[PDB]
């Protein structure tokens, strides 16, 4: 009866809305869309909202409203998103929109006494665990980019956060259009006992047009009404009938320029190729003198902080070169400050051509007039594969600027060969991506909750999305089993069914080895099952292993077993005949008879001769005899089958009962398997390695691990627990620690480790990790590919860089010896600061003040220059 999540009908309207709101906490130059009105309304009622709105609709408006309320009730509104890189920006967007707002990061903290705070989800979780005091004064928590999914991002923890939030906190979840919003809104509302209204939109306010660029021509293939244009696509194919060349970009750039479809963002899934393509625009310029000067001034003003040695970095000079001509690239290889320059200049209208990797499309709020896909295929750790509809929608959706563009232009590049239609339709018009739960158990979480209170973990698991999902399913499967249990209420089968499965198995097995084409030579009379599973007989005519389908000349369906005379007589009487037809049949054929027909093609023509022959043969085959049958896998399979072997109008019921048993048995397991198993395993793991004792008390070791929130808490704890690091220099320690924050995917050969101790340290960590893996294996706990291949990658490749950096080398010299691009160097080194902080705290717990001192020293050594430059957004 009681519902906590309420779906707001799209057909619903608020004509008297302007009257319902007496004193709107905020107003805008424009007129709010119905969904925004819904949002504001339900917010003012004192309820929660889950807004899943198309790209270009204006979700931020709901965020600003909320905030406003916080400034009207002396309450606090915390804004959160999983994307840390986008904290500084959002913090600047609100400052320029509203007026005290703060910013909470790991090291930097600005204006905490504000009625609004910007922070990542992790920081919020952290504050929750901490039990911060300001949370008692928080009324609204905004969860932005709820649809954000990233496997390599450990900060997507809004579920844990929502579970942990106190009862007096109301929610505002912002998301792209997803199909399963109600699920999560219902979990939230039910689990939190909160009225939450699910709000969405019918379509994109700024409609997209999807085009293909082929042979210097722009061809529409999906119109504003999302209709696929077959003729045009075929046209592209025909025109063409294989990647960017030197003339590619100048040509399309020039084409779009004459037609004023700029600025353009070109998505390129490769940093190198971004830069290459950008370089291919040599001699093209979009900036007049004043613009060049403004840009120069902005850059000069922005980097004046840095030392001269950093201002003159090659990447900076090259970037300036591009920027002063209205061109840029955007990718993870760039120094943050450079990224920021590019972003700020792009948002202000100084950049007309931007080549960007996928990241640019996710967080950043920088829409463009035109979006181009250099390719709709991207390589992920798995390899090369087509983009998913969600990704394509995410990138393509950037192409419409509400208020500036009538429409958003999206272009897919074709080069020398046509794009496949299935691929293209799957990528551009595939089923929209669903919200998935990101909630996982970690040792850190378990140790912390366990340290807090005995059954906190169980409680956390009870209130998770998975559990609630299981709860939602339970009754459904109950009714299904009720119908089945009642439906039924109103050895032969085992061996037989097994025999069927065995024959199917063997058949599937024979479909791999070409040798089959010898057994299924044109004319091989066989008894097979049609789609309706009716036994029939026919001669083989074609064998396409590529499609694994055989064309047969067919005996009407019979609505046996090799060498089963009596069994045949009793079970299988004479079959019926029917005009021969060519039927396509799947290999997975109940029996391959010894009978072979001497050309069918002549029977297909109905030549009197072949006709008579066929008639006689068929009549003969259908008249008398009973069917006779006739690698290493097929051998064993056949053996087992024969073992089972040695082992008409009445089998219907039994068969039905079997079907039932299968269904029910199936619906049973469907309620068996999920966090509790993992949890038990993890407890076992923590018990074996002594983070907790036999009674599940958290030991000192576990209290140390509680402080490491970076991913490899157990191994790191193990590393720092004793005094192996006793004779290491701060530089050496921070150098060695880089292994826990570097993917180690460099495609270059590792040079000699710069010091002996570092080599020893690598050895030590490797050993620790091996042991830990052994323990993971013992308790059959599933590993992520990273955990698994950890040692198979070059994770230690950054030790030298970090060492030399801690020694005082300039970034220039650092880069001259780095196996990774600037951005990654900065990523590693900036993460190491946090690592050092964690280790400091840990050392406090351990009582090792020397280690503490060293870590402080390391922080002091690495925390400098362009690597730690203040954000341009602040």
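Positions refer to the first chain, counted from 1.
- Coordinates are given for every deposited residue between residue 111 and residue 112; the gap count there is zero.
- In the deposited sequence, the stretch from residue 630 to residue 631 hides 4 to 9 residues that have no coordinates.
- In this entry, 616 to 624 shows the higher mean Cα temperature factor of the pair 616 to 624 and 314 to 322.
- The PDB entry reports B-factors from which the mean C-alpha value can be compared for 368 to 376 and 146 to 154; the larger average falls on 146 to 154.
- Note on 714, 208, 141, 652: the highest value goes to 652, judged by CA B factor as recorded.
- Per the PDB entry, 587 shows the highest C-alpha temperature factor of the residues 328, 753, 587, 281.
- For residue 493, the recorded CA temperature factor ranks within the highest third of the chain's modelled residues.
- Placement of the Cα temperature factor of residue 682 within the chain: lowest third of the modelled residues, per the deposited record.
- Residue-level temperature factors show residue 290 in the lowest third of its chain, judged at the C-alpha atom.
- In the deposited entry, the Cα temperature factor of residue 854 places it in the middle third of its chain's modelled residues.
- Among the modelled residues of the chain, residue 243 sits in the middle third by CA temperature factor in this PDB entry.
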